[PDB]
Each structure stands twice: as C-alpha cells, then as structure tokens.
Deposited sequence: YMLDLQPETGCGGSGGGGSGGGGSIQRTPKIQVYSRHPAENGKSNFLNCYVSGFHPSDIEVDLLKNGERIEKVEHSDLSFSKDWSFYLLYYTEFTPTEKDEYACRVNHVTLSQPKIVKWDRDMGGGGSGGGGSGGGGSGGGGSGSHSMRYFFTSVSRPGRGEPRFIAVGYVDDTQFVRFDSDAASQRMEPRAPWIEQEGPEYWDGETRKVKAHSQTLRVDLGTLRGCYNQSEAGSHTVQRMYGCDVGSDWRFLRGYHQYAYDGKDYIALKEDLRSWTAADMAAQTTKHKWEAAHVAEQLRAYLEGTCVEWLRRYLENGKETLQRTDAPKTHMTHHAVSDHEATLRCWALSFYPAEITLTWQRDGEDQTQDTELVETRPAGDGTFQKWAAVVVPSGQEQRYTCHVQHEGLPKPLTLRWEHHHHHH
C-alpha cells in the first residue's frame, strides 16, 4: 500500500560487482537456472548478456530495477538451462564505468519491513523518463510498475498479493502514476538548480517504508531522496525534521516544512504502512513467515565457507584463526538471490581456522572446520 502523497522538490559513478552462478548445484541433465547478479553500480543503465559457448543466449529475463541503502542499483539476469559436459557459460556486462565489456565465467565445479523503491531516469530526446517502482516485504518483491511496459498498471510479483481486488490495484496504479509524474517534474527542476545541460541523463531515486518488531509494532520509518546517486533530502528518525545535503535541498526542506509534509509522512509510516504490512504478513504467511536454514558446507583450495538456500537474506559468515576474528585476508562475497526466493553466500580466508554461521533459521550458530 503506497503513499498517497507526492511532494515536489523546490531548489559519482560506481562500477558493478558481478557474480555468475546457478540456482541449484549443477547436475548434468537436470534443468536449472543460470544467474548473473550485478549490484553496487551507478548509474542504472547497464547491458548484461548471458553467454553460452561464445554466443548470446536469446531468451534472458531480468528482475525489476531496485537499489540498496547507498542508492547503488542491483539486478538479477537469469535463464533456464540444462548444463551438459561440453557447454560453457559466462556473463558479459557493459557499463559507463568500463572501458570494455567485462566477462565473468561460470565455474561449473523476527523483525519485518515494507519498502518501496522508485527510480526515474531522464532520456532527453528519446522520450519521457524511464520510471520503475518496486515494492518489497522483507526480501520478497510483491509489486512493480514500469513506464515502458504495456499494461501501465501496478503488477503483482508475489502470489499472496493477487488476492487483492480491483479497488486495490486501481488505487496503487493511480498513486504510482502520480509518483512518476512528480519525479518527471523533479528531474526537470533539479536540472536547472544544478545548472546542467538538457542533453545529459540524470536520475532521481525515492525510498520509503517502515520496520516492525517481532510483535508487529512500529520500530522505524524512512523517506529519503537522491539525485544522481547522491543524498538529497531525507526524513530523520523522529519523522518530524529533515536532513538536507546541499544548498539546493535547503529550499526543498523549507518548502516541505511550510507545507507540513513530515506530518503527513509520519501518519503513513506509523499507521498506514504498519497496517498493510501486517495484512501482507498474514496473507502471505506461508511465504513471508517461513525461515529456511542455510544448507552449509566447505571447500578447500589447492578455505571457502558456503551457505545456500536460506531465507531471509540476513546472515553472518565469519572466519576465526584460533578463535580470533580474522578480518584481514578474508574474501566475503555479497549475498545473492537464487531466483526462487532463497539466497546464497560464501566467505573465504588449516585446522586452526573455523567458519561461524549466524542465521535466524538456525537453532544455534554453527561452526565449520576442515
């Protein structure tokens, strides 16, 4: 359930981290999914190909554009495939930060939250800005909107949200369309305030949501903006005052203080956001309230600790040499989606070392040794 208020504003490039992997462990003749997970990049424009034997795979899908707390984007490109002995797979990524496309080969051998993410990217001459909105309950996407898609409707991405009737979808479609129209205005407004040319492409990002404890009672709320991956204005934890990053955001801050925008946001974050998060947790209890403990194992190099098929994504993998936390000389890979609702992770640093796994689905933390 989105916010029914779109206040207008008044008034650094990051290269993608790439991971290529399969959904399940590879077994010849067994149908699987080949994933390429790009993350931590800015701006959002990116070209991702899945390669099979030095050739592009035709039918490749990808997740809806979302971003992290630091405003950097992440995407999951995937396709169904049956691996065999001869076939070799890789992922090729092109981005403004790269002098040439990077290829990465596939090595065959509690609390709850609701979040809404909004991205609008200007395309001068090419048409109206590309607007993408996604909604999350914890680490599960359940709604989306894409301005270039055919439906021009808010679409379901989880089974438990398909229950909702036409009044729900009409309202969310109305609100998300007004979201995009406001960000379109914000793009043209921010271009002039920063004295930028009309030909360049720019990005505005909006994020808001609410956290609840295990008692489903309000904990914290968020409502922040970014321009070109840089903090612009954010609502503080008290939900009453604003943090402005630079002089352009000070004008927006004063306009929003005079219009009492924070009062309307606090009512949403403390009340409406919590109310519908509780409804979603109930309607999708089979999916949202499950815990899946990580299937763990270890491998030795000629030491890598693995964790697979766990939910939620929150996990901790630490290395200990004789009990002391060995932070240095430790390669920790970012948690990645398997594509079926579960997640994966591994860390790398013989009998003196141990791997510690902490996860909500585990009765007690696990220790792994060679």
| property | result |
| --- | --- |
| Stretches with no C-alpha atoms in the model, relative to the deposited sequence starting at 1 | 12-24, 123-143, 337-343, 391-396, 418-424 |
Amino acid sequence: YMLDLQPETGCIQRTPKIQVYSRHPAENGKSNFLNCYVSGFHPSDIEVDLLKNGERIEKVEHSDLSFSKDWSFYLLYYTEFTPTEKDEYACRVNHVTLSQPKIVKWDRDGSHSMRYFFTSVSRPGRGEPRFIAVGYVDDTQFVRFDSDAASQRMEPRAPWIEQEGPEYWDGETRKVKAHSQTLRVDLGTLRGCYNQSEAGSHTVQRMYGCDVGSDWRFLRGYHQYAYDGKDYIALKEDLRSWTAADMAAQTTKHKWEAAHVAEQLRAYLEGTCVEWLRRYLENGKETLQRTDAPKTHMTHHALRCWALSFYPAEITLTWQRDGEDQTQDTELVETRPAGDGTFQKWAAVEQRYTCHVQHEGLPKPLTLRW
From here on, numbers count along this sequence of modelled residues.
| query | finding |
| --- | --- |
| Mean temperature factor over C-alpha atoms, higher-scoring stretch between 306-314 and 321-329 | 321-329 |
| Mean Cα B-factor comparison, 169-177 or 255-263, giving the higher one as deposited | 255-263 |
| Out of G339, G29, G40, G54, highest CA B-factor residue | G29 |
| Candidate set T182, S147, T299, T140 [ranked by C-alpha B-factor, highest] | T299 |
| Cα B factor band for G127 (lowest, middle or highest third within the chain) | highest |
| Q205 CA temperature factor, ranked by third within the chain | lowest |
| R108 - Cα temperature factor, lowest/middle/highest third of chain | highest |
| Entry-reported Cα temperature factor of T335, expressed as the chain third it lands in | highest |
| Relative C-alpha B-factor of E270, binned into the chain's lowest, middle or highest third | lowest |
